[PDB]
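Cβ coordinates were reconstructed from backbone atoms using ideal geometry, including for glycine residues, and neighbour counts include every protein chain displayed. Read the figures in this text as sums done on the coordinates, not as results from a lab.
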Amino acid sequence: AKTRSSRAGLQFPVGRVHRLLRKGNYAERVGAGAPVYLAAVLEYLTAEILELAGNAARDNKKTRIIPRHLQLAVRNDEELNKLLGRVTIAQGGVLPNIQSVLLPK
Amino acid sequence: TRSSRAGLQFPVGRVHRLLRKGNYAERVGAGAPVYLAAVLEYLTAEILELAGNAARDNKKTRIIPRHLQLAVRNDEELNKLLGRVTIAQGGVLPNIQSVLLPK
Amino acid sequence: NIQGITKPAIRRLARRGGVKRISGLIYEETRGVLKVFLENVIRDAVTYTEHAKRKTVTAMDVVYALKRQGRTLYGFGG
Amino acid sequence: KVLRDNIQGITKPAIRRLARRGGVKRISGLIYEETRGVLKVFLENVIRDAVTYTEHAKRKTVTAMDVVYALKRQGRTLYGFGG
Amino acid sequence: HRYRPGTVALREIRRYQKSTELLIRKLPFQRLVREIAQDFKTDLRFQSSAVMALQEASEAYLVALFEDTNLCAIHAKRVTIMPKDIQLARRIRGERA
Amino acid sequence: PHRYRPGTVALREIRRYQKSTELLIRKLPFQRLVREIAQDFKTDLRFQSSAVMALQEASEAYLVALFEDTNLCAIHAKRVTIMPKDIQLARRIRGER
Amino acid sequence: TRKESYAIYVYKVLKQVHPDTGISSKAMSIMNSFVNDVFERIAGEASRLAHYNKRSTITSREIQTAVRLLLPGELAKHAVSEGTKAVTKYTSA
Amino acid sequence: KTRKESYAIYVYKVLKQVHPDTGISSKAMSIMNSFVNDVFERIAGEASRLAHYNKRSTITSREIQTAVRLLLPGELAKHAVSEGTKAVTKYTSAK
DNA sequence: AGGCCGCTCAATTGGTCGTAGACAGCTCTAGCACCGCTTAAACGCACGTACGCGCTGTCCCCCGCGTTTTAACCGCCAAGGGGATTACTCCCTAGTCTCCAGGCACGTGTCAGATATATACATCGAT
DNA sequence: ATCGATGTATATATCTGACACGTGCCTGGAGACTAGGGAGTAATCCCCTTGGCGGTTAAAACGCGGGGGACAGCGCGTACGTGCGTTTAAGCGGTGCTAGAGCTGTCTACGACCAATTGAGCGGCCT
């Protein structure tokens, strides 16, 4: 367990995040626990989105994930939609809905 | 001082210190504080002269927040710049819609 | 309680907005929206206060919480 | 070559398809000019920032990251063209 | 004499678009603020200027919302504002989903 | 012969175009319009293809959102047909000059 | 030259989540943009929080409060728990 | 005690420069201080972001000028650029 | 709030050193332009019908005025919590050198999904 | 209300252009060490927040009578949707050319650090 990620039990790189924090002009100094905490949070969010995207892809009998599945996963979940409410996804489309008054009677 | 060389009223040294300490870049060029101070002084002079004109229009001798609000809202460019800003005790401009006006 | 926001106060707030005639069911809706807005801003302000290890909510905490939501406020030591 | 009055290249059926994606069931005949004006204003607002970013770098081609930064500037983030 | 309805309303419209005072009573607002804040952390103290800033922001927000609501009400060929107008304004602005 | 009553093909098109993800405007006219707009700012400019593609994506998303708001405004006034005043009200409430 | 990316880590996480699923190139571009955006937001809040209290260091406490400010309720709770668990594991070993 | 900093004296000087026989209250002065700080942070942040985009480690007057052009509206930006360039060249000429 | 007294701490001046970048050269990817061809999509026309719009009647529910009441605003007094400041020291991060392996560019095989298209099934509309 | 016209998701071949595995290697991350200063800790002071008392009186609550406005219903006529035939130019696939983004080398001028000095501006009281 030489790499810091293996020590912390993560998949994302602790060292790269540390380097970016240092050479990003955020503070004079960076502590030793900020990269680990931030890498854990980023990995959690990525896994959370990918789970829903994979479920949506499996719903349509497809093996690979395309931007449509990412759009559907983000816009069907309340808090993921709230986080990314002002974000545009290329080739994502729109969520299918129709207002009631326009439906035939 | 460096303010008299450029003929300014704002402090060049204070702006230089704020830019240096403010965590914006590794190094700060020599002419940045002068340019920035000149821009700030121009903007505040414009605001003040509009507010003073508004104050004299109301037959008063000193500027209150209402005068600043009126000056900002009546000027299109400054209203666009300070469009998401609320001035405390500033009130609103008097306007009633045409359909609401009495017949 | 939310009932301290009386009907005439809401009528005055509406009259500044130019509203001429008001339905009877506006007051509950206004109380609901005001309560939601206050909860959001106060939650942010208390977070800012608790980070600094203080027990008093200052004016700068409110200013920062408002600036966070794109509602910049001038006149309180900004 | 000189380009003039290319706004009409945004044809009526394109506007109707954009409206149908938005859920619109019935469209008036005066919508198309309004939409063209709105689009022209939006493009003029974005391209100015993009060209400013291009001119700062002493560069003669407008790249994708200039457009992405410009869109970020009006609070209109876009994913898929670089970060 | 007896005023025909709609002229007094314009009178307070003119009166209240001319001033800059606060329109909500101060003690009820302060009690409401403390009661709301009790849910996040108990035994909290407040500077007076903090409560004044909260009141200023709340009044500005409500006045702007009422302006948008009146605009919506005029759009539907009415004179009275209704809850549906508030809902439509808040939906277009992006607050309510 | 056979003729569908009005309003059916409109719903069919709505379903079809909400199902897909393609771009809805032709490419060459949009590229030509972008170059025409940019001529007014700096002379002899060159564009990467991905830049024009990003511009098209953003424009289409913006127009679709505006049309959704316009439909809401139209329904508010007890109509089915969208009109320019609906667009004006939506843009005014959203805060656009 | 060298261009940095998060493609390998995203692929590792995906293979942990769905072992029998692939991903396109465009979807991975969207993933890179999303990771960069969230990183920038959290780092900006941490910097502002450090500056407000007149401190020269960004610690994990600033990161925790930035996460608590940005993310919504259940998402923020789970993110805070994950970060604390990771820091505890790192410090213990 | 605490030694707070403010732009009260410079604002007062500018006011007496443009309006000799006029005063100003404390509330308006505090609003002015808030406005000055707001614009300073906006300009400085945009300039730092511009410098970071192009792989430069320094902030010169070129970055400040471009940030001013990006943030202010047309005629206001033109006048501000004119004033800043005039001040910069006057400072350079003098020593 | 405009003005004046006090002084102390941040702005001014000058010199040295290290390096960020301005400039010049050179290679090569990608943007621009032209040609022909096929057909997908835009244009124009005519008809019918369904929805936008004006008018009218009713009923209801908002507004204005007067009376009673209730609790907000004000002034004064008492007490203590906790915010701001100061001093000391210690341990945590920056900076340096060494060394090594994880990740990026180029190369390549093969397989999940986009077309073409015939078809059972859904759905709508006229007699 | 059966039935005819038209649209829709489905089964399958195929065929490909992109997804995923391999290998070389260089550039950045891991490991050990020192040295200084940021901040964690404890004490002290006093400012400002919380609490309570009583007064006058401004504003909220209640009730009633009356008219203005919201809403349902009716009828008409205009503007939009549908389908069909014709015209247009967009998209595809090549080719060739060259401007300009990009990398390498250097050497020059500019900004950071530091020591000493001073007067400009923040704090406090006045009219």
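Details
- Some residue of segment H:53-70 being farther than 24 Å from F:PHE41 by Cβ and away from DNA strand I (no atom under 12 Å from the Cβ): no
- Of the residues making up segment H:53-71, those that are crowded, with 17+ Cβ neighbours inside 10 Å and either assigned to a helix (DSSP H, G or I) or more than 7 Å from every other protein chain (Cβ to nearest Cβ) (or both) are H:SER61, H:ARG62, H:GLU63, H:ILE64, H:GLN65, H:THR66, H:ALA67, H:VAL68, H:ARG69, H:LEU70, H:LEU71.
- Sole residue being among the β-branched types (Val, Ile, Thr), within 7 Å of another protein chain (Cβ to nearest Cβ), part of a helix (DSSP H, G or I) and within 17 Å of the chain's Cα centre (by Cα), chosen from B:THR86, B:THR44: B:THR44
- Picking from residues in segment F:31-88 that are touching a helix residue (DSSP H, G or I) at 6+ places or on another chain (Cβ under 6 Å) and of a type in the set (D, E, K, R), the one that is nearest to D:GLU55 (Cα to Cα) is F:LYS42.
- Set C:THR56, C:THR49: member being more than 30 Å from E:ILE81 (Cβ to Cβ), within 11 Å of DNA strand I (Cβ to nearest atom) and buried (at least 22 other Cβ atoms within 10 Å of the Cβ): C:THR49
- Against the criterion of being within 12 Å of DNA strand J (Cβ to nearest atom) and either within 18 Å of the chain's Cα centre (by Cα) or more than 14 Å from chain C (Cβ to nearest Cβ) (or both), H:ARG49 does not qualify.
- Selection over segment G:72-93 of residues that are assigned to a helix (DSSP H, G or I) and within 16 Å of DNA strand J (Cβ to nearest atom) gives a count of 6.
- Complete set of residues in segment E:30-58 that are closer than 19 Å to B:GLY90 by Cβ, touching a residue at least 12 places away in the same chain (Cβ under 8 Å) and within 7 Å of another protein chain (Cβ to nearest Cβ): E:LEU54, E:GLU56, E:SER58
- Selection within segment B:5-38 - within 25 Å of G:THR57 (Cβ to Cβ), within 11 Å of DNA strand I (Cβ to nearest atom) and not in a helix (DSSP H, G or I): B:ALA25, B:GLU26, B:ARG27
- When segment F:4-42 is filtered for residues that are in a loop (DSSP other than H, G, I, E, B) and more than 10 Å from DNA strand I (Cβ to nearest atom), the ones remaining, listed by number, are F:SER20, F:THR21, F:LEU23, F:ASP40, F:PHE41, F:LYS42.
- Any hit, segment E:52-74, residues being over 27 Å from C:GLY24 (Cβ atoms), crowded, with 16+ Cβ neighbours inside 10 Å and near DNA strand J (Cβ under 10 Å from one of its atoms): no
- Restricting attention to segment A:14-32, the residues that are within 12 Å of DNA strand J (Cβ to nearest atom) and either of a type in the set (S, T, N, Q) or at the interface with another protein chain (Cβ under 7 Å from one of its Cβ atoms) (or both) total 6.
- Conditions (1) buried (at least 20 other Cβ atoms within 10 Å of the Cβ); (2) of a type in the set (A, V, I, L, M); (3) part of a loop (DSSP other than H, G, I, E, B); number of the one not met by B:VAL99: (1)
- Consider segment A:10-42 and keep the residues that are free of Cβ contacts under 8 Å to residues at least 12 places away in the same chain and closer than 17 Å to G:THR88 by Cβ. The one that is surrounded by the most Cβ atoms within 10 Å (Cβ to Cβ) is A:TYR37.
- Any pair with Cβ under 7 angstrom, 6 or more apart, that starts in segment E:70-91 at a residue that is among the polar types (S, T, N, Q) and ends at one that is part of a helix (DSSP H, G or I): E:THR80/E:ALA73
- Failed condition for A:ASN60, given (1) within 7 Å of chain G (Cβ to nearest Cβ); (2) surrounded by fewer than 21 Cβ atoms within 10 Å (Cβ to Cβ); (3) more than 10 Å from the chain's Cα centre (by Cα): (1)
- Residues (within 11 Å of DNA strand J (Cβ to nearest atom), more than 14 Å from chain D (Cβ to nearest Cβ) and not β-branched (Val, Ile, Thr)) located in segment G:16-33: G:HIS18, G:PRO19, G:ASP20, G:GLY22
- Selection status of G:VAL13, within 24 Å of C:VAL41 (Cα to Cα), crowded, with 19+ Cβ neighbours inside 10 Å and either small (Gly, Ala, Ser) or at the interface with chain A (Cβ under 7 Å from one of its Cβ atoms) (or both): no
- Residue match in segment A:83-94 (condition: surrounded by fewer than 18 Cβ atoms within 10 Å (Cβ to Cβ), of a type in the set (D, E, K, R), within 23 Å of G:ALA43 (Cα to Cα) and away from DNA strand J (no atom under 15 Å from the Cβ)): yes
- Residue match in segment H:34-42 (condition: among the aromatic types (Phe, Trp, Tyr), within 14 Å of chain C (Cβ to nearest Cβ) and either farther than 18 Å from B:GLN69 by Cα or out of contact with any strand residue (DSSP E or B) (no Cβ under 9 Å at 6 or more places or on another chain) (or both)): yes
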